C-alpha cells in the first residue's frame, strides 16, 4: 500500500501534458498570462514564482509544454478555455533534435530507458523537464506504483557545474521555479529511485 501523497503524485505525473506551439500572447499580468492558441482556444496560465515571471508582451509568439490544473471549459462566448500552470517559453528551435542524457538507477541498479523522446526546442522550463523525467519514471520504472518506489531525486548538471534538482517524494516546487534553461548546455541528468 502507498500513502495518499504518493497517490496524488501518481495521478499527477501519469497523466499527460498539454502542448501548443506558436501561440500568441493576449495579456500578461503579475502571476499569469492569457494566450491564444492556433486552434482557437484560450489558455489561462498561472506563474507563482518570482524567479520565473514571463515578460512576453501582447502579440509575441510562445510555446506551451504545460500541465492542466483543471478541466477545460466551454464559455458563454463560445470560447474554449484551458487552465494550466507554468511551461511557457520562446519559439526558438535547435538545428537538429537532440537526445537528453538521462541515466536512471532503481535501488542502486541501472535501469534502461524506453521511449525517452528527443527535443527540438532551444529552451524548456524546469517544470517541463520535471514532468518529462517523472513521466518516464512512472510509466517505465514503476515510480509511485508500489511502496518500494516512492522517493529519490533527479539532478541536472549544466556545463558550468551549476545544478538543479528535485525531490521525487514531493510535488515539484512551482512557487520557487527558476527560469527556463538552454537544453544544449545540459551536461548530465541523473535520476535515482530509492
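Positions refer to the first chain, counted from 1.
Colleague: Out of 124-132 and 143-151, which one has CA B-factors that are higher on average in the deposited record?
Modeller: 143-151 has the higher mean C-alpha B-factor.
Colleague: Do the CA atoms of 13-21 or those of 180-188 have the higher mean B-factor in the entry?
Modeller: According to the PDB entry, the answer is 180-188.
Colleague: Comparing residue 109 with the other modelled residues of its chain, is its CA B-factor in the lowest, middle or highest third?
Modeller: Ranked within chain, residue 109 CA B lands in the highest tercile.
Colleague: Quick check for you: using the entry's CA B-factors within this chain, is residue 75 in the lowest, middle or highest third?
Modeller: Highest third, going by the recorded CA B-factors of the chain.
Colleague: Of the three thirds of its chain by CA temperature factor, lowest, middle or highest, which one includes residue 63?
Modeller: Within its chain, residue 63 is a lowest-third residue by C-alpha B-factor, going by the deposited values.
Colleague: Which third of the chain holds residue 165 when residues are ordered by C-alpha B factor: lowest, middle or highest?
Modeller: Highest third, going by the recorded CA B-factors of the chain.
Colleague: Can you tell me which third, lowest, middle or highest, the CA B-factor of residue 96 falls into for its chain?
Modeller: Within its chain, residue 96 is a highest-third residue by C-alpha B-factor, going by the deposited values.
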